[PDB]
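*Asks:* One structure is given below, represented as structure tokens, and several questions about it will come after.
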Amino acid sequence: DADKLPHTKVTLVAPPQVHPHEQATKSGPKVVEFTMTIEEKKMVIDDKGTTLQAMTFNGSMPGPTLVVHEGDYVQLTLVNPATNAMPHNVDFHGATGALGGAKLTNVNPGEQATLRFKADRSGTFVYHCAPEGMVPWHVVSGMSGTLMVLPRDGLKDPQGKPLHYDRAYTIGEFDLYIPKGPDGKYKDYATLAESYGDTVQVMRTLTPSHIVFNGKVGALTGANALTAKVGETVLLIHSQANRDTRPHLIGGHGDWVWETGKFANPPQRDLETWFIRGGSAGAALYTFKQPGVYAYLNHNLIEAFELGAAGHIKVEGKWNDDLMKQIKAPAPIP
Amino acid sequence: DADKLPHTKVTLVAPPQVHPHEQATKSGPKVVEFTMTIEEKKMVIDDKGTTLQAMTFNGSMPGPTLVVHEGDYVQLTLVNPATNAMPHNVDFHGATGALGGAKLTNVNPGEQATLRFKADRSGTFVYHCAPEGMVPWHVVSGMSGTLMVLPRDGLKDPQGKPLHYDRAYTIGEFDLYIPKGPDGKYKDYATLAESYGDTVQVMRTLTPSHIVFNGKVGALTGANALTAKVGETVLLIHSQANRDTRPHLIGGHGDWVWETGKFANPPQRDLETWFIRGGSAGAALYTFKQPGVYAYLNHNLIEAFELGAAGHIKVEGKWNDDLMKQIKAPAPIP
Amino acid sequence: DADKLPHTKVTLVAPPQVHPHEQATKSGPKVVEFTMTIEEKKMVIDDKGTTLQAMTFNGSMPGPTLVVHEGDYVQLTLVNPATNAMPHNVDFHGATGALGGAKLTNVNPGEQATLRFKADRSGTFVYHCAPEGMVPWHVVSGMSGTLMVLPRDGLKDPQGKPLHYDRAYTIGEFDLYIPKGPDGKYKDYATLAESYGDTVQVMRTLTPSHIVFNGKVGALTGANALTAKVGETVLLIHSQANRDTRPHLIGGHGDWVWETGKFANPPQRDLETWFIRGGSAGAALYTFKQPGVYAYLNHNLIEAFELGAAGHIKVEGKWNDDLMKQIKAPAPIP
Ligand SMILES: [Cu+2]
Ligand SMILES: [Cu+2]
Ligand SMILES: [Cu+2]
Ligand SMILES: [Cu+2]
Ligand SMILES: [Cu+2]
Ligand SMILES: [Cu+2]
Ligand SMILES: [Zn+2]
Ligand SMILES: [Zn+2]
Ligand SMILES: [Zn+2]
């Protein structure tokens with residue numbers, strides 16, 4: 002009975018960070034309370050000024066990551082301010098029943114709702130908006146994120162030995178379908194409603210115009226690169242609510258990877274590239290061994306370099322000549 | 002020696018049902034006899050009346066599912082009536098040699114053939130037509146289905162504990178390539194032969210016009226929704242003979258999933274979305290816990306909602322507030 | 002300390018062969034030395050005479066396979082002759098640091114470099130060229146191959162029992178993006194530089210014009226078919242540096258498959274079709290049981306038969322009626 006449990010209240014943080022949480026814990030089950038507020042807004046998604054008539058949880062693409070433990074109950078207040086134009090809801094893949102909770106959270110602008118469900122399965126799970134008749138549009142316009150349900154005793158390798166991360170990052174990858182006009186330039190829409198018909202037409206081609214991490218080409222580069230140090234273990238959460246992707250860390254590996262994202266299954270080790278099925282979130286651990294700037298990208302290299310599915314990780318620490326050494330620098334052929 | 006074994010004769014049933022069979026069995030190996038008759042026919046594949054010049058095993062897309070046990074011999078009589086226009090054959094991925102049996106089953110209209118092979122590997126396996134020089138066309142036009150080879154002692158979890166289903170369903174997903182004329186409307190062809198050249202051109206683009214479960218948009222919805230009750234375990238067999246797909250049960254999970262479809266491998270648990278590689282069949286078990294109407298769909302949501310890769314499962318039983326509860330219904334923001 | 006180890010020198014061989022090597026070995030770690038020389042060249046890629054302004058390691062698509070053992074150090078001299086027009090480098094997914102070694106191997110025409118890295122993880126790993134600002138183009142133009150790092154004690158099944166192959170083949174699958182002119186014919190370019198802008202435009206559509214094994218439609222067919230005998234175990238290495246593919250052996254299986262390509266993970270058995278993620282190499286073992294001509298192909302059958310992703314394996318030996326028997330040849334319907 003969930004009514005007998007202590008409630009806790011979690012404050013969410015914006016991607017690529019994930020809110021403070023314990024991995025292995027001595028705590029018994031709780032009702033963990035969250036709130037998210039929907040924001041529709043026009044966003045600039047590339048270097049040339051293309052806009053998207055976007056829809057978001059909490060103002061960001063992806064929505065923030067929610068973290069609980071197996072056996073906890075997730076209790077979400079979903080808010081849809083009167084300043085929004087469309088109805089919304091939420092479908093938690095981590096949840097059982099009522100189309101993931103969509104049927105119980107249909108909120109018009111000016112309304113809110115509170116859903117509770119038992120997080121009875123460990124893993125990273127997609128959540129997304131799913132209003133009847135407009136599901137793909139709300140999803141591709143930005144309305145998805147990840148629920149991470151940790152096992153109560155933390156992550157385990159295939160032999161049941163403990164695994165941990167020192168730092169977690171959350172990456173949402175968005176296949177975007179931005180329409181063009183007769184002049185071949187991308188269209189700019191005054192309102193969200195006006196983008197709809199043209200966007201569906203692009204969607205039906207199955208060819209994205211852009212594929213971006215965290216809402217924009219270069220979102221996770223420069224000042225906004227992810228960070229780590231040699232000897233630190235990072236968890237990279239990767240969600241793709243609509244389309245397949247193949248994450249890869251250049252100069253690195255997936256040390257332990259749950260590509261289907263479900264922690265009761267043994268992870269695979271030493272991966273070069275893994276696979277996130279459209280409509281899922283996966284998770285990879287990597288312990289840095291070399292300093293420098295790494296790229297974390299979709300290894301369809303066109304989707305990465307041409308369409309935008311690539312970020313950077315800047316890693317501090319000491320170079321290791323045993324792992325890699327330039328024996329002879331570039332020089333004239335003898 | 003297969004010649005020493007008892008023969009049995011199985012009557013096939015139309016998808017989404019699967020013919021009666023045992024899971025774990027005390028029976029020794031048999032020669033299990035089946036017959037299928039090819040039918041070419043024009044089919045209506047969507048709500049607006051688009052037609053496909055279709056080719057089928059037994060009149061349905063997919064063909065019926067054949068069920069045997071590991072160590073059985075499958076003995077198929079393939080019939081190609083004189084009323085058909087094209088030659089056909091059959092390639093069983095569950096079989097060893099002779100291009101899956103295609104080289105031994107080439108049947109012109111007015112002909113038939115009988116193939117036997119040993120079902121020596123457990124799993125769900127694609128079978129499809131594969132005539133020399135026209136393989137993709139016959140496959141994308143509807144000529145595929147599943148052979149399920151059960152382990153003699155039934156299904157097992159990763160720890161070797163017994164698993165079972167109470168009810169099995171078979172879903173074939175078909176990427177269709179319907180041509181358009183200068184007016185942008187889909188073409189309607191008088192004969193199967195006349196659809197050929199235009200269809201190959203669409204195929205080479207790799208963009209399906211439609212992606213359907215079981216031959217038609219909405220095939221598994223309304224009166225034709227799949228059914229179950231709370232507490233019942235369903236096996237969902239999903240075949241895709243030509244293209245990748247990513248099955249998902251909305252409000253549910255894959256409790257135990259063999260996404261590559263081969264039962265001697267441990268299944269994965271708690272999946273949100275799994276992956277069926279083009280040219281394969283996979284299998285998922287789910288035990289219902291909540292009543293209501295679920296969607297079972299390809300989680301490329303464009304492929305599902307726009308192109309047709311989605312069905313429904315209507316589930317009877319009692320709602321469970323512990324698993325999910327609407328705490329506060331939609332109501333004005335305070 | 003790698004400086005204390007014996008060096009060995011390996012002579013590479015052209016695909017589809019793989020250079021002689023030991024599987025399980027009593028040898029301790031070595032510095033294994035290789036050399037590759039880059040060659041840009043126009044290649045004919047199909048039956049109708051289409052050309053590609055290609056870029057290669059060692060003159061072939063894919064580059065040759067490099068084989069070492071876990072704990073060895075790979076020491077590559079990369080040569081870029083003055084007869085080439087572009088700068089190049091190499092990114093080993095099998096390596097740790099410096100963007101796979103790309104940052105340490107930037108070679109202009111007339112230059113060379115020597116990189117060493119520790120092959121500390123078992124598996125088949127992609128290597129590819131990756132010059133800053135032109136990564137996808139160099140990769141899709143042909144600059145990838147496989148590093149195989151064998152476990153020192155050879156391959157193992159999920160129970161830790163020994164596995165082996167008698168013969169290894171390496172297949173690189175290349176999604177090509179050949180431009181067309183106003184007349185709808187493929188363009189022929191005088192130089193590599195002139196192909197660039199048009200090619201990027203085709204690439205951004207994500208639709209390949211051709212998808213080929215080993216540089217050309219039909220590369221592994223006729224005189225060039227792969228070969229084996231009944232009772233022989235073959236290792237099929239399959240690399241795809243940019244795009245997903247789904248290998249299948251028609252009339253056969255993947256007996257033991259590492260589809261993510263990393264040997265410290267248990268392989269799956271009995272696969273009909275497996276999955277190579279773009280930006281990875283995978284490996285399958287199969288022991289032939291029937292003689293004849295098999296097809297080894299991408300099981301998107303359009304990508305195989307229409308676009309070129311298919312080869313042949315000619316297998317010698319004695320037919321086995323127990324595995325498969327034509328009971329009644331094609332004959333009039335009674
Ligand atoms: Cu919404
Ligand atoms: Cu969903
Ligand atoms: Cu046919
Ligand atoms: Cu096949
Ligand atoms: Cu290059
Ligand atoms: Cu790479
Ligand atoms: Zn740590
Ligand atoms: Zn049951
Ligand atoms: Zn052998």
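Line by line, the protein sequences are chains A, A' and A''. A prime marks a further copy of an entry chain.
Its first residue numbered 2, the first sequence is counted upward by one per residue in the entry's author numbering.
Its first residue numbered 2, the second sequence is counted upward by one per residue in the entry's author numbering.
Its first residue numbered 2, the third sequence is counted upward by one per residue in the entry's author numbering.
Here a beta-carbon is modelled for each residue, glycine too, at the ideal position from N, C-alpha and C.
Can you pull out the residues from the stretch 196 to 225 of chain A' whose beta carbon lies closer than 7 Å to at least one beta carbon of chain A?
*Replies:* The stretch 196 to 225 of chain A' vs chain A, Cβ under 7 Å: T208.
*Asks:* Would a check of beta-carbon distances place A'/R244 closer than 8 Å to chain A?
*Replies:* Here residue 244 of chain A' is taken as the residue at index 243 of the second sequence, counted from 1. It does not; no Cβ of chain A falls within 8 Å.
*Asks:* Would you report the Cα separation of A'/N225 and A/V231, rounded to the nearest angstrom?
*Replies:* Position 224 of the second sequence, counted from the first residue, corresponds to residue 225 of chain A'. Position 230 of the first sequence, counted from the first residue, corresponds to residue 231 of chain A. Near 57 Å, if we compare the C-alpha coordinates of A/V231 and A'/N225.
*Asks:* Check whether the Cβ of A''/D256 lies closer than 7 Å to any heavy atom of ligand 9, and answer yes or no.
*Replies:* For the purposes of this step, residue 256 of chain A'' is taken as residue 255 along the third sequence, with counting starting at 1. No - ligand 9 has no heavy atom lying nearer than 7 Å to the Cβ of A''/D256.
*Asks:* A''/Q202: buried (16+ other C-beta within 10 angstroms of its C-beta) or exposed?
*Replies:* If you number the third sequence from 1, residue 202 of chain A'' lands on position 201. A''/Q202 should be labelled exposed.
*Asks:* Could you tell me whether the stretch 170 to 179 of chain A touches the stretch 205 to 217 of chain A, using the rule of 3 or more Cβ pairs below 8 Å?
*Replies:* The stretch 170 to 179 of chain A vs the stretch 205 to 217 of chain A: in contact.
*Asks:* Name the chain A residues whose beta carbon is nearer than 9 Å to that of A''/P331?
*Replies:* Position 330 of the third sequence, counted from the first residue, corresponds to residue 331 of chain A''. Neighbours of A''/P331 on chain A: none; closest Cβ ~40 Å, over 9 Å.
*Asks:* Given a threshold of 16 other Cβ atoms within 10 Å of its Cβ, counted over all protein chains shown, does A'/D48 qualify as buried or as exposed?
*Replies:* The count along the second sequence starts at 1 and reaches residue 48 of chain A' at position 47. So A'/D48 counts as exposed.
*Asks:* Would A''/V150 and A''/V69 qualify as a contact pair, given that the criterion is a beta-carbon distance under 8 Å?
*Replies:* Locating residue 150 of chain A'' in the third sequence gives position 149, counting from the first residue. Locating residue 69 of chain A'' in the third sequence gives position 68, counting from the first residue. Yes; because the gap between Cβ atoms is below 8 Å, this pair is in contact.
*Asks:* Candidates A/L302, A/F126, A/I179: which alpha carbon is nearest A/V75's?
*Replies:* Along the first sequence, read from residue 1 onward, the residue named residue 75 of chain A stands at position 74. Residue A/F126 is the option with its Cα nearest to A/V75.
*Asks:* Using the DSSP secondary-structure output, state which residues sit across from A'/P163 in a beta bridge.
*Replies:* Along the second sequence, one-based indexing puts residue 163 of chain A' at 162. DSSP output for A'/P163 lists A'/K157 as bridge partner(s).
*Asks:* Answer yes or no: the CB of A''/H20 versus the heavy atoms of ligand 4, is any distance below 7 Å?
*Replies:* Residue numbering aside, residue 20 of chain A'' sits at position 19 when the third sequence is read from its first letter. The answer is no for A''/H20.
*Asks:* Assign A'/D245 to one of two classes, buried (16 or more other C-beta atoms within 10 Å of its C-beta) or exposed (fewer than that).
*Replies:* For the purposes of this step, residue 245 of chain A' is taken as residue 244 along the second sequence, with counting starting at 1. The residue in question, A'/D245, is buried, as its Cβ has 16 or more Cβ neighbours within 10 Å.
*Asks:* Any idea which residues DSSP pairs residue 354 of chain A'' with across the strands?
*Replies:* Residue 354 of chain A'' falls outside the range modelled here, since chain A'' spans only 2 to 335, and no answer is possible.
*Asks:* Select from A/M56, A/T84, A/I277 the residue whose C-alpha is nearest the C-alpha of A'/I334.
*Replies:* If you number the second sequence from 1, residue 334 of chain A' lands on position 333. Among A/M56, A/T84, A/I277, the Cα nearest to that of A'/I334 belongs to A/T84.
*Asks:* Using CA coordinates, which residue listed in A''/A265, A''/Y187, A''/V91 is at the minimum distance from A''/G101?
*Replies:* Position 100 of the third sequence holds residue 101 of chain A''. Measuring from the Cα of A''/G101, the nearest candidate turns out to be A''/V91.
*Asks:* Ligand 6: which residues have Cβ under 7 Å from any of its heavy atoms, chain order?
*Replies:* So the residues near ligand 6 by this Cβ test are A/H249, A/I251, A/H300, A''/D92, A''/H94, A''/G101, A''/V127, A''/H129, A''/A131, A''/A242, A''/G280.
*Asks:* Any residues in the stretch 105 to 128 of chain A'' with a beta carbon nearer than 8 Å to a beta carbon of chain A? Which ones, in chain order?
*Replies:* The stretch 105 to 128 of chain A'' vs chain A, Cβ under 8 Å: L105, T106, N107, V108, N109, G111, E112, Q113, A114, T115, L116, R117, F118, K119, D121, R122, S123, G124, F126, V127.
*Asks:* Whole alpha helix (DSSP H) runs in the stretch 123 to 197 of chain A with 4 or more residues, listed along the chain?
*Replies:* Fully enclosed alpha helix (DSSP H) runs of 4 or longer: 136 to 141.
*Asks:* Name the chain A residues whose beta carbon is nearer than 7 Å to that of A''/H94?
*Replies:* By one-based count along the third sequence, residue 94 of chain A'' stands at place 93. Under the 7 Å cutoff, chain A gives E273.
*Asks:* Is the stretch 38 to 52 of chain A close to the stretch 154 to 174 of chain A, with three or more CB pairs under 8 Å?
*Replies:* No contact exists between the stretch 38 to 52 of chain A and the stretch 154 to 174 of chain A.
*Asks:* When you check each C-beta in the stretch 261 to 288 of chain A' against every C-beta of chain A'', which residues fall closer than 9 Å?
*Replies:* Residues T261, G262, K263, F264, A265, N266, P267, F276, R278, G279, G280, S281, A282.
*Asks:* Determine the closest residue to A''/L193 out of A''/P16, A''/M56, A''/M144, A''/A169, with distance taken between C-alpha atoms.
*Replies:* If you number the third sequence from 1, residue 193 of chain A'' lands on position 192. Ranking the options by Cα distance to A''/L193, first place goes to A''/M56.
*Asks:* Just to make sure I have the definition right: I need the residues of chain A' whose C-beta is within less than 8 Å of the C-beta of A''/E307. Which are they?
*Replies:* To locate residue 307 of chain A'', count along the third sequence from 1; it is residue 306. Per Cβ cutoff of 8 Å: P137, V201, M204, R205.
*Asks:* If you check the beta carbons only, do A'/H165 and A'/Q24 fall under 8 Å apart?
*Replies:* Taking the first residue of the second sequence as position 1, residue 165 of chain A' is located at position 164. Taking the first residue of the second sequence as position 1, residue 24 of chain A' is located at position 23. Result yes, Cβ atoms of A'/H165 and A'/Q24 sit closer than 8 Å.
*Asks:* With a 10 Å radius around its C-beta and 16 neighbouring C-beta atoms as the bar for buried, classify A/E307 as buried or exposed.
*Replies:* Position 306 of the first sequence, counted from the start, is the residue given in the question as residue 307 of chain A. Answer is buried; the Cβ neighbour count reaches 16.
*Asks:* Going along chain A in order, which residues have a C-beta closer than 8 Å to the C-beta of A'/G155?
*Replies:* Locating residue 155 of chain A' in the second sequence gives position 154, where the first residue counts as 1. Chain A residues near A'/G155: none, gap ~22 Å exceeds 8 Å.
*Asks:* Rounded C-beta distance between A'/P180 and A'/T200? I'm assuming under 8 Å.
*Replies:* Residue 180 of chain A' sits at position 179 when you count from the first residue of the second sequence. Residue 200 of chain A' sits at position 199 when you count from the first residue of the second sequence. At roughly 6 Å, the Cβ-Cβ gap stays under 8 Å, so A'/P180 and A'/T200 are in contact.
*Asks:* Going along the chain, which residues put their C-beta within less than 6 Å of some heavy atom in ligand 7?
*Replies:* Checking every Cβ against the heavy atoms of ligand 7 under 6 Å gives A/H165, A/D167, A/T234.
*Asks:* Kindly indicate the opening and closing residues of the beta strand (DSSP E) around A'/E112.
*Replies:* Locating residue 112 of chain A' in the second sequence gives position 111, counting from the first residue. Looking at the DSSP string, the run of the beta strand (DSSP E) that includes A'/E112 is 112 to 119.
*Asks:* Using the three-state DSSP reduction, which class does A'/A55 fall into: helix, strand or coil?
*Replies:* For the purposes of this step, residue 55 of chain A' is taken as residue 54 along the second sequence, with counting starting at 1. It is a strand residue.
*Asks:* Which residues in chain A have a C-beta closer than 9 Å to the C-beta of A'/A296? List them in chain order.
*Replies:* To locate residue 296 of chain A', count along the second sequence from 1; it is residue 295. Residues of chain A passing the Cβ test: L100.
*Asks:* Per DSSP, what are the beta-bridge partners of A'/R270 in this structure?
*Replies:* One-based indexing of the second sequence puts residue 270 of chain A' at position 269. Its beta-bridge partners are A'/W257.
*Asks:* Count Cβ pairs between the stretch 311 to 321 of chain A and the stretch 5 to 18 of chain A' that sit closer than 8 Å; are there 3 or more?
*Replies:* They do not touch, by the three-pair rule.
*Asks:* Using a Cβ-Cβ cut-off of 8 Å, state whether A''/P248 counts as contacting chain A.
*Replies:* Mapped onto the third sequence, residue 248 of chain A'' falls at position 247. No, A''/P248 lies away from the interface with chain A (no Cβ there is under 8 Å from its Cβ).
*Asks:* Which residue from A''/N109, A''/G253, A''/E71 puts its Cα closest to that of A'/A96?
*Replies:* Walking along the second sequence from the start, residue 96 of chain A' turns up at place 95. Checked all of A''/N109, A''/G253, A''/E71; the closest Cα to A'/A96 is A''/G253.
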